[PDB]
Structures are given as C-alpha cells and as structure tokens.
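*Asks:* One structure, as structure tokens, below. Some questions next.
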Amino acid sequence: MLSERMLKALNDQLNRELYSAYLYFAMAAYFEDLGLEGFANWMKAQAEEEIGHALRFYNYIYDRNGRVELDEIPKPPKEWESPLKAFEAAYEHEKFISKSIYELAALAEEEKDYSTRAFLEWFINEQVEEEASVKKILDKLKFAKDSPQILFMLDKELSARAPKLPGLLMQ
Amino acid sequence: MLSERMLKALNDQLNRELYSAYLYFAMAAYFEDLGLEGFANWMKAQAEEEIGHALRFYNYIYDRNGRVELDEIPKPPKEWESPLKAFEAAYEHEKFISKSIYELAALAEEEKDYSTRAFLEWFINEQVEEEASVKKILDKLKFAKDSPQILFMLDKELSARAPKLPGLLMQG
Amino acid sequence: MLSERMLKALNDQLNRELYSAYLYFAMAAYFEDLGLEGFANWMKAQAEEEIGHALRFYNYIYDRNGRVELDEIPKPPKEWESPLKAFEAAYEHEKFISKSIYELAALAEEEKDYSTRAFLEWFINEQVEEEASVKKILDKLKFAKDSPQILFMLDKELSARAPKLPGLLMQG
Amino acid sequence: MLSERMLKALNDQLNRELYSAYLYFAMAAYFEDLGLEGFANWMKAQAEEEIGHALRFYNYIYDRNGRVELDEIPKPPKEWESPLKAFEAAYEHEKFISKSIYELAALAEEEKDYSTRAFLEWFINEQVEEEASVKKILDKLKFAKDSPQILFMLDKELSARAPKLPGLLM
Amino acid sequence: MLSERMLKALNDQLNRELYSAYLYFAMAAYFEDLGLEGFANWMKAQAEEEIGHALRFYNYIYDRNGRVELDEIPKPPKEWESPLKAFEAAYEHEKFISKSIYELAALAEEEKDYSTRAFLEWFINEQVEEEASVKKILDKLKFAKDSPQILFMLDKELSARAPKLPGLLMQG
Amino acid sequence: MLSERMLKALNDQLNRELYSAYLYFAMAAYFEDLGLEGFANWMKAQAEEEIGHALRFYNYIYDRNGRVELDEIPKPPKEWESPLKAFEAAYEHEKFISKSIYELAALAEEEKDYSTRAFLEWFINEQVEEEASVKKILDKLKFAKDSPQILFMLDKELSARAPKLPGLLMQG
Ligand SMILES: [Ag+]
Ligand SMILES: [Ag+]
Ligand SMILES: [Ag+]
Ligand SMILES: [Ag+]
Ligand SMILES: [Ag+]
Ligand SMILES: [Ag+]
Ligand SMILES: [Ag+]
C-alpha cells in the first residue's frame with residue numbers, strides 16, 4: 001500500500017504524461033498548419049505513446065491498491081517561431097519529464113519503496129530513447145537553417161511514423 | 001472557407017470530445033476502484049472512441065483551410081454514489097454532447113455552410129448509437145438495484161469490450 | 001562469489017518459496033474439501049509458480065558459484081474459517097514474502113552486491129503482480145459474504161487456471 | 001468411507017512422496033555443486049515424478065470422501081561422499097518407499113479395503129521401474145570406481161532427462 | 001547529458017570490452033596452436049560477443065548526446081601453460097570486467113545519473129551469465145588434470161559454438 | 001612451412017587489417033557525432049570486412065603450420081575537418097594497405113614461397129574493389145562542395161549498407 005505522498009507523486013506524473021500527449025497533439029496542429037503532414041503524423045504517433053505511459057501509471061497505482069485521481073490538463077502553447085523552435089521546446093520538455101521521473105525514483109529510494117522504484121525503471125530506460133529520438137530530429141533542423149529543400153525531405157522521412165489508433169475506431 | 005464564428009464552434013466541440021474521453025477515463029478509474037474491471041475496460045474503450053471523434057474535428061478543420069486551437073481540459077468528477085449513478089451522469093453527458101452537436105448543425109444551416117452541415121451528419125447518427133449504448137446499460141443497472149449477482153454478471157458481459165491502444169504502443 | 005551471510009539469505013528465501021508452494025497446496029486441500037474445485041486448481045497452479053520461484057533462487061546460487069542447502073519445510077495450517085479468511089491469510093503471506101524480498105534487496109545494497117540486487121529485481125516486479133492477483137480475488141470474496149451464488153460463479157472463473165505438471169508425468 | 005486408520009496411512013505416504021521429491025532435489029543440489037549438470041537434471045526430473053506421485057494420493061483421498069492433512073517435510077542430507085554413495089542412498093530410499101507401499105497394501109487387505117488396494121497397484125508397478133532405474137545407474141557408478149572419464153560420459157547420458165516444469169511457468 | 005567524469009568512464013569500459021575481445025582472440029590463437037579447434041572456435045565466438053558489448057556502450061553514449069573516443073588496445077598475452085591455466089586467466093578477467101561494471105554503477109549512483117545506472121543493469125545481469133559460462137568449463141578442466149581423453153571430448157562439445165561473422169562477409 | 005621473415009610479415013599485415021577495422025570504427029564514431037547515421041553504418045559494415053580480412057591471415061598462418069602473434073592496436077585519429085577529408089584519409093589508408101600487400105607479394109616471390117603468393121592473390125583483387133569503393137564516394141563528396149542537400153542524400157544512399165554482427169549477438 002502506497003504512502004499518501006507517493007500516491008500523489010504517481011498521480012501527478014500520470015497528469016504530466018497526459019499533458020505530454022496534449023502538448024504533442026498541439027505540436028501536431030502547428031505542423032499541420034504549415035502543411036507538414038509528416039511532422040504532424042509523427043507528433044500524433046508520439047502523443048499516443050504518452051497516453052500509453054499514463055495508462056502504465058494508472059495500472060500500477062491500482063496494482064498497489066491505490067486510487068487514481070485525474071487533475072485538469074492545462075492549455076498547451078498554440079504557436080512556435082519555427083519547426084526548429086518547436087523541437088527545441090519538445091526536447092526541453094522531454095528533459096522536464098525525465099527530471100520529474102528522477103525525483104520520483106529519489107523519493108522511492110528515500111521511502112524504501114522498492115516496488116515503485118522497480119516500476120520506474122521502465123520509464124528511466126524509456127526516456128533515454130525518447131530524448132535521443134527528439135534530439136536526432138532537432139539536430140537535423142539545425143542542419144537545415146535556411147533550406148526548405150531539406151525540410152521537405154525530412155517531412156517525407158517522418159511520414160513513415162503514423163498514429164495507430166485512427167484506423168481502429170468507429171469507421 | 002470557415003467563418004470566424006464557425007471555426008470557434010468547431011474548436012470548442014473538439015475540446016468537448018476530448019473532455020468526454022477524460023470523463024470516461026475518470027469513470028474507468030471509479031469502476032477500477034470498485035474492482036469492476038469489465039465496466040472499467042468498457043469505459044477505456046469508450047474514451048478511445050471520443051479521442052477518435054476529436055481527431056475527426058481536427059481533420060475537418062484543416063480540410064477547410066482552418067486552424068486548430070486546443071483549450072484546457074477541465075478536471076472531471078472523481079467519485080459517484082453507485083455504478084447506477086455513474087451511468088446516469090454518463091447518459092446525461094451524452095445528451096449534453098448531442099445537444100451541442102444540434103447547436104453546431106443549426107449554426108451551419110444559419111450561415112448556409114453546407115460543408116460543415118454535411119460533416120456534422122456523421123456525428124448526429126453516431127450520437128444516436130452512443131446514447132442508446134449508455135441507456136441500455138443504465139436500464140440494466142436500474143434492473144439490478146439491490147442485486148450484486150447481476151452486477152457481477154454485468155461486469156463479465158462488458159469485459160468483452162476492451163481498449164485497443166494499450167497492446168500496440170511501446171512495450172515492456 | 002557470494003558472502004557467507006548472502007548465501008544464507010538466498011538459501012532461506014529458497015526455503016520460503018518452497019513453503020509458499022506448500023501453503024498453497026494446503027489451501028488447495030482446504031478448498032477441495034468444500035467441493036470448490038476451481039479455487040483448488042487455482043491454488044495448485046499457484047503452488048507450481050512458487051516451486052518455479054524456488055528454482056530461480058537455486059539456479060542463481062550455482063551461477064554465483066555458491067551452494068544450496070535445503071532446510072526443513074514446516075507444517076502449514078490445515079483449516080480456515082471461510083474461503084474469504086483463507087484468502088486474507090494468503091494476502092497476509094504475500095506481504096510477508098514481499099517484505100523478505102525487500103530485506104534481501106536492502107542486504108544486497110548494504111553489501112554492495114550489484115549482481116544479487118539485479119537478480120532480485122525480477123522478484124520485486126513479480127511480487128507486485130502476485131499481490132494484485134490475490135487482492136483481486138480477496139475483494140471479490142468480500143463482495144459475496146452471504147451470497148453462495150457468486151461463490152459458485154467465482155469458482156467457475158478460477159477453474160480456467162489449472163496446474164501444468166500433472167499431465168506431463170507418468171500416466172495411468 | 002475410508003477408515004480412520006487408513007486415512008492417516010494415505011496422508012503419511014503422501015508426505016513420504018513429498019520428502020522423496022525433496023530428497024532428490026537435495027541430491028540434485030549435490031551433483032550441481034560437483035559440476036555434474038546431467039546428474040543434477042536427472043534428479044530434478046525424478047523430483048517432479050515424486051510430486052506427481054504425491055498428487056495421486058491427494059486425488060485418491062478426495063475421491064473416497066476423505067481429507068488431506070499436510071505434515072512437515074523433514075530436512076534432507078546435504079552431502080554424500082561420492083556420486084556412487086549418493087545413488088546407494090537413493091537406492092536404499094527406493095527400497096524404503098517400496099516397503100511402505102507394501103505395508104499400505106497389507107493394511108488394505110486386512111481391512112478388506114479393495115478400493116485402496118486397487119489404487120496402490122499402480123504404485124507397486126511404478127516402484128519396480130523406479131528401483132530398476134536407480135540401480136542401473138548405481139551399477140554403472142560401481143563400474144567406474146576410479147574413472148572420471150566414464151563419469152564424464154555418464155553425465156552426458158543422463159542429461160537427456162530434464163525437468164519439464166521450469167519452461168512452463170512465467 | 002553525461003558529466004565529464006561519466007563520459008570518460010563509459011569510454012574506458014568500451015575500450016575494456018574491445019580488449020576483452022582481443023584477449024579471447026589471443027586465446028583462440030593459443031588453442032589453435034595446440035590443435036584444439038573446438039576451444040579456438042568457442043573463443044572466437046566469445047570474442048564477437050565482447051565486440052557487441054562495446055557497440056552497446058557506443059550506442060548509449062550517442063543516445064546521451066556524448067562523444068566516443070577510441071583509445072589504443074594493448075598487446076594481449078601470447079601463451080599459457082595449459083588450457084586449464086588459459087581458462088583461469090579468462091575467468092580472472094571476467095571478474096575484472098564485472099568489477100569495473102560495479103565501479104561504473106557506483107559512479108552513476110553517486111552522481112544520481114539514473115539513466116546510466118539503468119543502462120548498466122543489462123551488463124550486470126549479462127556478466128553473471130558470462131562468469132558462470134567460463135567457470136563451468138574451468139571446472140571441467142580441473143576435472144581433467146592428467147586426462148587427454150576428456151580434453152578431446154571437451155573439444156568436441158565446445159565446437160558446437162562457432163563464430164557468426166565469417167560466413168557473412170565477402171567470400172572467395 | 002613458413003620462414004621466420006615471412007611469418008613476421010604475415011602477422012604484421014594481420015595487425016594492419018585489425019587497425020583498418022579500428023580506424024573505420026573511429027571514422028564511424030566521427031560521422032555519428034555529425035548525425036550522419038548512413039555514413040556511420042557504412043563504416044561499421046566496412047570495419048567488419050577488415051576483421052574478416054584479418055581472420056583470413058589468421059587461418060592461412062595455421063594452415064602453413066605457423067603461429068599467430070597479436071601485436072598492440074595503436075590509437076586511431078579522433079577527428080577530421082570534414083566528411084570529405086575523412087574519406088581522403090580513408091583512401092590514403094587504402095593505398096597504404098595495398099602497398100603493404102604488394103610488398104608481401106614481392107617478398108613471397110623473392111623467397112620463392114608460391115603458397116603465400118597464391119594466398120595474397122585474393123587480397124590484390126580485394127583491394128581493387130576496396131579502393132574503387134572508397135574513391136567512388138570520395139569523388140561524390142568532392143561533388144557536394146558547398147551543398148548540405150547532397151550530403152543528406154548521400155547519407156541515405158549509404159544507409160543501405162549496414163553492420164551484420166549486432167543482430168546476431170546476445171540481445172536485450
Ligand atoms: Ag465513434
Ligand atoms: Ag513509450
Ligand atoms: Ag511467478
Ligand atoms: Ag512416476
Ligand atoms: Ag569417450
Ligand atoms: Ag573484403
Ligand atoms: Ag553478451
């Protein structure tokens with residue numbers, strides 16, 4: 001049974017993963033407006049993964065006989081200056097998620113909660129991949145400062161990643 | 001292309017659809033606490049359908065040369081007195097979503113926007129199926145007022161419906 | 001190689017895992033007497049998992065060039081007041097095993113034995129599922145205290161899980 | 001119904017079959033220490049067969065409307081002098097189990113319990129094969145007194161028999 | 001991103017893993033000279049594994065926005081007194097590698113670098129297999145001190161493991 | 001059997017082929033830092049071929065009743081000014097390897113060792129492909145002087161060549 005402090009910290013991170021989903025959905029909207037479908041689809045697919053992360057906290061909380069409480073999801077930013085500046089904000093946010101993960105692991109070790117600490121190990125390993133994934137595209141946008149030719153080709157490469165949910169629901 | 005008023009109304013329903021998902025995810029949390037996994041999974045699967053609806057508004061807006069602006073999703077209720085009262089609030093919310101769809105349809109007809117009127121036609125037919133889906137279970141919960149035996153057998157029946165996203169994501 | 005104290009702690013937990021199997025085989029005997037074959041077969045299948053847990057400690061010890069010493073397995077309780085009380089005792093024992101896994105993890109971190117700490121990681125994660133598995137059925141038995149109808153339906157649901165060994169040995 | 005005397009006699013043999021499983025799990029630990037992996041796996045596979053035998057007594061007791069009571073399982077020996085002495089102890093144990101099966105068959109015929117007697121027939125036939133299986137390897141260990149070469153080749157021969165349970169759970 | 005001390009430490013282990021590969025390649029040459037083709041091929045297959053372990057460090061460094069710097073690889077021992085002594089030096093080196101992995105794990109915990117600590121968990125679990133794999137054969141060589149008959153039979157048993165790279169490159 | 005002077009020259013080339021692998025693994029690290037994953041993967045695949053060349057010398061030496069002695073592998077360069085200058089160094093090194101192959105062939109003809117001369121015939125033909133493979137890409141980098149657009153498109157062309165070892169080793 002989780003301590004009152006730990007249950008709150010897991011519930012807060014559940015909200016953070018859900019906001020991460022919403023931020024990337026907001027970024028998808030921004031890229032769609034610029035007519036960049038590849039970047040937009042990539043962001044929708046990334047947003048779906050963040051929903052999965054939230055469900056993992058949901059599942060673990062109930063595995064430890066806890067109770068999930070959903071807080072509000074704040075309004076995300078509407079616009080960014082350039083596709084480059086959107087990924088810089090995406091990378092800064094990924095480091096924010098990792099930092100909140102580290103503080104969860106540090107809290108679990110301080111309370112001697114081995115179950116939560118072992119559970120968080122999935123996300124520590126996961127955030128390494130996601131930070132590297134976002135950084136890889138960020139550096140390619142630094143590589144094409146005043147080049148619309150490369151940004152066009154980047155859009156085609158990222159179009160390979162698409163959201164998996166859309167084609168499974170009603171129609 | 002869309003008027004300033006129509007774009008605002010479409011963006012607001014996009015926000016209303018995303019809240020529906022979050023409200024059903026809150027009900028999923030409520031049923032999970034009671035140890036009712038069947039109801040909980042049914043709600044998660046329903047929440048996914050609402051995200052699908054929000055994506056349909058997202059898609060239409062950009063098809064009409066508009067712009068999507070995401071508003072905040074408000075905090076949903078944590079608890080309900082009973083599973084019966086939980087579905088009563090869900091059916092009440094389904095009528096609220098249906099009502100806001102009608103108001104969009106009226107606004108489209110008033111502005112003579114035939115494209116937006118034809119688009120909303122899918123949701124008018126969809127909401128008939130969703131209202132009846134929630135009402136069907138509601139009546140079955142009314143049918144089992146002081147009977148946990150039926151509530152247990154109802155849980156098994158709704159466990160046939162499951163969320164489709166969890167099994168496809170990054171996994172471990 | 002392992003320290004004298006660490007080897008003793010791994011040998012002790014190996015004995016605990018074997019007793020867990022023996023306790024659930026005793027619970028299987030309890031439920032079988034009441035005619036609850038589904039509960040009985042669930043406990044038998046659970047007992048086999050605990051024997052599997054014991055063999056994982058066995059295998060690790062010899063991977064670290066240690067030696068397994070088998071201690072006696074004590075007599076388990078014969079009877080319980082109810083199917084509910086039997087699962088209350090099971091969940092209490094599942095917290096007992098989890099605690100001794102934590103104490104082993106703390107001992108590995110104290111003796112900076114990174115290999116044993118990494119080995120115990122499997123059991124920390126495994127015990128989260130085990131506790132949630134037992135607690136789930138415990139809550140369902142609280143759900144039907146004066147209801148023999150649901151106890152009958154719960155017995156059929158647990159009969160889906162069966163032991164895997166019996167069909168593989170000498171047949172007759 | 002089973003007689004009060006017969007029920008305790010079936011519960012005690014159920015406990016003996018569980019100790020048999022625990023004794024071969026102890027011998028497996030001894031062979032694993034010597035680096036004889038084939039001997040260890042053979043013993044683990046034999047240990048599973050004894051659990052199967054214990055379940056057979058479990059199933060029979062409940063078929064006759066009886067009640068199973070589980071007693072404690074005593075601590076088995078940790079070490080033996082040689083692989084030969086380990087099998088000499090195992091063969092002595094198989095004769096001990098066979099004898100306790102005979103006394104159950106003698107008790108069944110005395111009380112005119114034809115049901116228990118007919119049930120024990122499977123175990124009389126099983127122990128003939130069990131004793132011959134252990135004795136066969138024992139004689140081969142006598143055949144290789146001061147020969148590590150043949151002990152190495154015997155290890156590979158017994159590695160063909162492996163425990164069936166481990167690969168099925170989690 | 002990695003600290004200056006952590007980056008240097010990860011680069012060092014990358015070099016240690018590459019030397020391990022070069023050491024087992026040197027042992028392969030030693031066993032090839034004695035005409036023990038099974039032992040030699042076992043060592044070649046083990047050498048490839050260590051290269052893969054070096055690539056796993058390489059991949060992690062660039063994932064954490066770091067830079068890989070490749071230092072020189074020292075000359076390995078040419079000869080050993082016996083196959084028993086050759087595996088004794090191998091099992092000793094396995095304890096050296098496991099040791100340096102612990103130092104990295106102790107470093108990560110001191111910096112609170114959870115990412116590197118979580119990354120190193122794979123190598124801790126891997127080295128348990130590695131040590132047990134080498135020790136198993138070492139004990140079989142202790143088991144056959146003055147017996148060329150068992151050394152011949154061991155050579156055939158280890159010939160089952162063969163290097164995987166050769167049959168994939170440019171041929172002729 | 002081989003002469004002392006020939007055996008040293010074969011062992012020296014075996015060291016050169018292993019450095020060729022270590023140099024290209026250093027180039028792969030340089031390209032990976034720039035984010036050019038295709039170039040990096042091309043080099044890793046090329047390094048594996050050099051290890052394969054080294055094993056051909058290893059195999060031949062023992063076929064002639066010789067003894068392989070592994071020397072130290074020196075530290076390779078960390079950086080290059082540009083991808084263009086990186087391939088200019090690679091092509092210069094390829095001519096260096098070919099020259100040492102020519103000198104080995106001249107030594108075999110002078111000593112009247114037909115077996116080594118026949119063995120080296122494979123490497124004379126192999127180096128023709130190797131030089132032409134590097135020169136082809138070098139000229140294309142000369143072609144993309146002030147163009148990041150062509151460098152991006154070259155990266156994709158070379159991403160088709162990938163290392164074969166990583167997907168066969170111990171995994172997790
Ligand atoms: Ag729908
Ligand atoms: Ag993920
Ligand atoms: Ag398990
Ligand atoms: Ag049998
Ligand atoms: Ag032989
Ligand atoms: Ag080649
Ligand atoms: Ag490995």
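Chain identifiers are assigned as A, B, and so on, following the order in which chains appear in the structure tokens; residues are numbered from 1 within each chain, and ligands are numbered from 1 in order of appearance.
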Please provide as a list in words all residues within 8 Å of range 142-156 of chain A, with the sequence filter that same-chain residues fewer than 3 positions apart are discarded (counting only C-alpha atoms).
*Replies:*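 My reading of the contact set: residues 36, 37, 38, 39, 84, 138, 139, 159 and 160 of chain A; 148, 149 and 152 of chain F.
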*Asks:* Each residue of chain E lying at most 9 Å from ligand 6 should get a row with its shortest atom-to-atom pair and the distance in Å to one decimal, counting only C-alpha atoms and all ligand atoms; could you produce that, ordered by chain and increasing number, as JSON lines?
*Replies:*
{"residue": "E:169", "atom": "CA", "partner": "ligand 6", "partner_atom_place_in_ligand_line": "1 (Ag)", "distance": 6.8}
{"residue": "E:170", "atom": "CA", "partner": "ligand 6", "partner_atom_place_in_ligand_line": "1 (Ag)", "distance": 4.9}
{"residue": "E:171", "atom": "CA", "partner": "ligand 6", "partner_atom_place_in_ligand_line": "1 (Ag)", "distance": 7.3}
*Asks:* Set out as a tab-separated table a contact list for chain C and chain E with a cut-off of 8 Å, giving each residue of chain C that qualifies its closest atom pair and distance in Å to one decimal, counting only C-alpha atoms, ordered by chain and rising residue number.
*Replies:*
residue	atom	partner	partner_atom	distance
C:63	CA	E:132	CA	5.2
C:64	CA	E:132	CA	6.9
C:65	CA	E:132	CA	7.6
C:114	CA	E:102	CA	6.8
C:115	CA	E:124	CA	6.0
C:118	CA	E:125	CA	6.6
C:119	CA	E:125	CA	7.2
*Asks:* Taking only C-alpha atoms into account, which residues of chain B are within 6 Å of chain A, as a PyMOL selection string?
*Replies:* chain B and resi 49+71-75+169
*Asks:* Export N, CA, C and O atoms of the chosen residues as a PDB file, in the first residue's frame?
*Replies:*
ATOM      1  N   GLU B  49     -12.797   6.039 -28.319  1.00  0.00           N
ATOM      2  CA  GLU B  49     -13.736   6.441 -29.365  1.00  0.00           C
ATOM      3  C   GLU B  49     -13.947   7.954 -29.375  1.00  0.00           C
ATOM      4  O   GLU B  49     -14.130   8.552 -30.438  1.00  0.00           O
ATOM      5  N   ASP B  71      -7.843  24.027 -26.277  1.00  0.00           N
ATOM      6  CA  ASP B  71      -8.136  24.640 -24.985  1.00  0.00           C
ATOM      7  C   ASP B  71      -7.897  23.636 -23.861  1.00  0.00           C
ATOM      8  O   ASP B  71      -7.744  22.440 -24.116  1.00  0.00           O
ATOM      9  N   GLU B  72      -7.864  24.125 -22.623  1.00  0.00           N
ATOM     10  CA  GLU B  72      -7.659  23.266 -21.457  1.00  0.00           C
ATOM     11  C   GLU B  72      -8.795  22.261 -21.280  1.00  0.00           C
ATOM     12  O   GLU B  72      -9.950  22.547 -21.604  1.00  0.00           O
ATOM     13  N   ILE B  73      -8.450  21.079 -20.779  1.00  0.00           N
ATOM     14  CA  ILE B  73      -9.435  20.060 -20.442  1.00  0.00           C
ATOM     15  C   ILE B  73      -9.652  20.103 -18.930  1.00  0.00           C
ATOM     16  O   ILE B  73      -8.723  19.835 -18.164  1.00  0.00           O
ATOM     17  N   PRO B  74     -10.876  20.457 -18.496  1.00  0.00           N
ATOM     18  CA  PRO B  74     -11.179  20.632 -17.074  1.00  0.00           C
ATOM     19  C   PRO B  74     -11.166  19.322 -16.288  1.00  0.00           C
ATOM     20  O   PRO B  74     -11.338  18.247 -16.869  1.00  0.00           O
ATOM     21  N   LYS B  75     -10.961  19.430 -14.977  1.00  0.00           N
ATOM     22  CA  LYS B  75     -10.939  18.276 -14.083  1.00  0.00           C
ATOM     23  C   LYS B  75     -12.311  17.596 -14.014  1.00  0.00           C
ATOM     24  O   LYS B  75     -13.314  18.250 -13.713  1.00  0.00           O
ATOM     25  N   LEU B 169       1.315  -0.004 -28.363  1.00  0.00           N
ATOM     26  CA  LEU B 169       2.307   1.008 -28.008  1.00  0.00           C
ATOM     27  C   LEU B 169       3.681   0.416 -27.699  1.00  0.00           C
ATOM     28  O   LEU B 169       3.850  -0.807 -27.675  1.00  0.00           O
TER      29      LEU B 169
END
*Asks:* With a cut-off of 6 Å and counting only C-alpha atoms, select all residues of chain D in contact with chain C and give the selection as an MDAnalysis selection string.
*Replies:* chainID D and resid 71:75
*Asks:* Would you pick out the contacts of residue 100 in chain F at 12 Å or less, using only C-alpha atoms, so that residues sharing its chain but fewer than 6 positions from it are not included, and give the list as an MDAnalysis selection string?
*Replies:* chainID F and resid 9:10 12:17 93:94 106:107 120 123:124 127
*Asks:* Mind writing the picked residues with N, CA and C atoms as an mmCIF file, in the first residue's frame?
*Replies:*
data_model
loop_
_atom_site.group_PDB
_atom_site.id
_atom_site.type_symbol
_atom_site.label_atom_id
_atom_site.label_comp_id
_atom_site.auth_asym_id
_atom_site.auth_seq_id
_atom_site.Cartn_x
_atom_site.Cartn_y
_atom_site.Cartn_z
ATOM 1 N N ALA F 9 55.953 -10.969 -41.378
ATOM 2 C CA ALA F 9 55.282 -10.098 -42.345
ATOM 3 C C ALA F 9 53.784 -10.387 -42.458
ATOM 4 N N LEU F 10 53.410 -11.655 -42.290
ATOM 5 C CA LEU F 10 52.006 -12.066 -42.290
ATOM 6 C C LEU F 10 51.303 -11.619 -41.010
ATOM 7 N N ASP F 12 52.264 -9.104 -39.220
ATOM 8 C CA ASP F 12 52.245 -7.642 -39.296
ATOM 9 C C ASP F 12 51.056 -7.125 -40.101
ATOM 10 N N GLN F 13 50.726 -7.820 -41.188
ATOM 11 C CA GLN F 13 49.573 -7.462 -42.013
ATOM 12 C C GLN F 13 48.266 -7.767 -41.286
ATOM 13 N N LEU F 14 48.269 -8.850 -40.510
ATOM 14 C CA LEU F 14 47.145 -9.216 -39.649
ATOM 15 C C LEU F 14 46.851 -8.088 -38.661
ATOM 16 N N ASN F 15 47.912 -7.444 -38.177
ATOM 17 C CA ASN F 15 47.797 -6.273 -37.314
ATOM 18 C C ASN F 15 47.283 -5.049 -38.075
ATOM 19 N N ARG F 16 47.693 -4.924 -39.336
ATOM 20 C CA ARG F 16 47.274 -3.809 -40.190
ATOM 21 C C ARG F 16 45.791 -3.889 -40.550
ATOM 22 N N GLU F 17 45.303 -5.107 -40.787
ATOM 23 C CA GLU F 17 43.891 -5.339 -41.103
ATOM 24 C C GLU F 17 42.998 -5.067 -39.895
ATOM 25 N N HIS F 93 44.733 5.592 -46.724
ATOM 26 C CA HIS F 93 44.980 4.384 -45.940
ATOM 27 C C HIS F 93 44.768 3.117 -46.769
ATOM 28 N N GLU F 94 43.838 3.174 -47.719
ATOM 29 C CA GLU F 94 43.577 2.044 -48.611
ATOM 30 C C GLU F 94 44.740 1.777 -49.570
ATOM 31 N N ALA F 106 55.848 -9.272 -53.171
ATOM 32 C CA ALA F 106 57.228 -9.182 -53.649
ATOM 33 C C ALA F 106 58.174 -10.019 -52.788
ATOM 34 N N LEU F 107 57.886 -10.077 -51.490
ATOM 35 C CA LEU F 107 58.658 -10.881 -50.546
ATOM 36 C C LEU F 107 58.440 -12.376 -50.783
ATOM 37 N N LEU F 120 47.941 -14.439 -51.374
ATOM 38 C CA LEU F 120 47.835 -12.980 -51.453
ATOM 39 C C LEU F 120 47.113 -12.485 -52.710
ATOM 40 N N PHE F 123 43.836 -11.006 -52.008
ATOM 41 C CA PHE F 123 43.911 -9.665 -51.425
ATOM 42 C C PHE F 123 44.268 -8.572 -52.426
ATOM 43 N N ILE F 124 44.992 -8.935 -53.484
ATOM 44 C CA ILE F 124 45.303 -7.991 -54.558
ATOM 45 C C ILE F 124 44.013 -7.610 -55.290
ATOM 46 N N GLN F 127 41.526 -5.573 -52.825
ATOM 47 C CA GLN F 127 41.912 -4.171 -52.647
ATOM 48 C C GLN F 127 41.523 -3.283 -53.830
#
*Asks:* Hey, could you make a per-residue contact list for chain D against ligand 5 with 8 Å as the cut-off, showing the nearest pair of atoms and its distance in Å to one decimal, counting only C-alpha atoms and all ligand atoms, sorted by chain and number, as a tab-separated table?
*Replies:*
residue	atom	partner	partner_atom_place_in_ligand_line	distance
D:149	CA	ligand 5	1 (Ag)	6.9
D:150	CA	ligand 5	1 (Ag)	7.4
D:153	CA	ligand 5	1 (Ag)	6.5
*Asks:* CA of residue 92 in chain D and CA of residue 106 in chain D are how many Å apart?
*Replies:*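 Separation between CA of residue 92 in chain D and CA of residue 106 in chain D: 21.0 Å.
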*Asks:* Between CA of residue 34 in chain A and CA of residue 157 in chain A, what is the distance in Å, rounded to a tenth?
*Replies:*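 According to the coordinates, CA of residue 34 in chain A and CA of residue 157 in chain A are separated by 16.7 Å.
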*Asks:* What lies within 8 Å of residue 39 in chain D using only C-alpha atoms, ignoring chain neighbours under 5 positions off, as a ChimeraX atom specification?
*Replies:* /D:28,31-32,155,158-159
*Asks:* Nearest to residue 138 in chain E: which of D:93, D:35, D:66, D:12 is it, counting only C-alpha atoms?
*Replies:*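 Closest candidate: D:35.
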*Asks:* Find the residues around range 82-84 of chain C up to 8 Å (only C-alpha atoms counted), leave out those fewer than 5 positions away in its own chain, and share them as a PyMOL selection string.
*Replies:* chain C and resi 31+138+141-142
*Asks:* Would you export the selected residues with C-alpha atoms as a PDB file, in the first residue's frame, please?
*Replies:*
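New file again.pdb:
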ATOM      1  CA  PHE C  31     -10.943 -25.667  -0.933  1.00  0.00           C
ATOM      2  CA  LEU C 138      -9.947 -11.280  -1.925  1.00  0.00           C
ATOM      3  CA  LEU C 141     -14.903 -12.713  -1.712  1.00  0.00           C
ATOM      4  CA  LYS C 142     -15.680  -9.631   0.395  1.00  0.00           C
TER       5      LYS C 142
END
*Asks:* What is the distance between CA of residue 61 in chain F and CA of residue 8 in chain F, in Å to one decimal?
*Replies:*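 Rounded to one decimal, the two atoms are 10.4 Å apart.
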*Asks:* At a cut-off of 7 Å and counting only C-alpha atoms and all ligand atoms, what residues surround ligand 4? Please answer as a VMD selection string.
*Replies:* (chain C and resid 169 to 170) or (chain D and resid 49 to 50 52 to 53 126)
*Asks:* Keeping only C-alpha atoms, take the residues you just selected and write them out as a CSV table (one decimal), in the first residue's frame.
*Replies:*
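To be explicit, this is the file written out as selection-v2.csv:
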chain,number,residue,atom,x,y,z
C,169,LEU,CA,4.4,-37.1,-15.7
C,170,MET,CA,3.9,-40.9,-15.9
D,49,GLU,CA,7.8,-37.5,-10.7
D,50,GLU,CA,7.5,-37.8,-6.9
D,52,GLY,CA,3.2,-36.4,-9.3
D,53,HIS,CA,3.0,-39.4,-7.0
D,126,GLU,CA,5.8,-48.0,-10.6
*Asks:* Skip residue 63 in chain D itself and residues of its chain fewer than 3 positions away, then list as an mmCIF file with C-alpha atoms, in the first residue's frame all residues within 12 Å of it, counting only C-alpha atoms.
*Replies:*
data_model
loop_
_atom_site.group_PDB
_atom_site.id
_atom_site.type_symbol
_atom_site.label_atom_id
_atom_site.label_comp_id
_atom_site.auth_asym_id
_atom_site.auth_seq_id
_atom_site.Cartn_x
_atom_site.Cartn_y
_atom_site.Cartn_z
ATOM 1 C CA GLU C 32 -11.096 -29.210 -2.366
ATOM 2 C CA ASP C 33 -12.812 -30.363 0.843
ATOM 3 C CA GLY C 35 -16.070 -29.008 -3.169
ATOM 4 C CA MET D 1 -15.710 -44.163 3.581
ATOM 5 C CA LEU D 2 -12.043 -44.635 4.493
ATOM 6 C CA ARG D 56 -2.036 -39.184 -6.984
ATOM 7 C CA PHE D 57 -2.511 -39.864 -3.261
ATOM 8 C CA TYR D 58 -4.093 -36.407 -2.949
ATOM 9 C CA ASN D 59 -6.602 -37.217 -5.712
ATOM 10 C CA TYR D 60 -7.471 -40.652 -4.290
ATOM 11 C CA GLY D 66 -11.504 -38.161 2.778
ATOM 12 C CA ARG D 67 -9.438 -35.193 3.952
ATOM 13 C CA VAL D 68 -5.782 -34.428 3.183
ATOM 14 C CA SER D 115 -10.542 -49.736 -3.357
ATOM 15 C CA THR D 116 -7.282 -48.644 -1.689
ATOM 16 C CA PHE D 119 -5.259 -47.897 -6.120
#
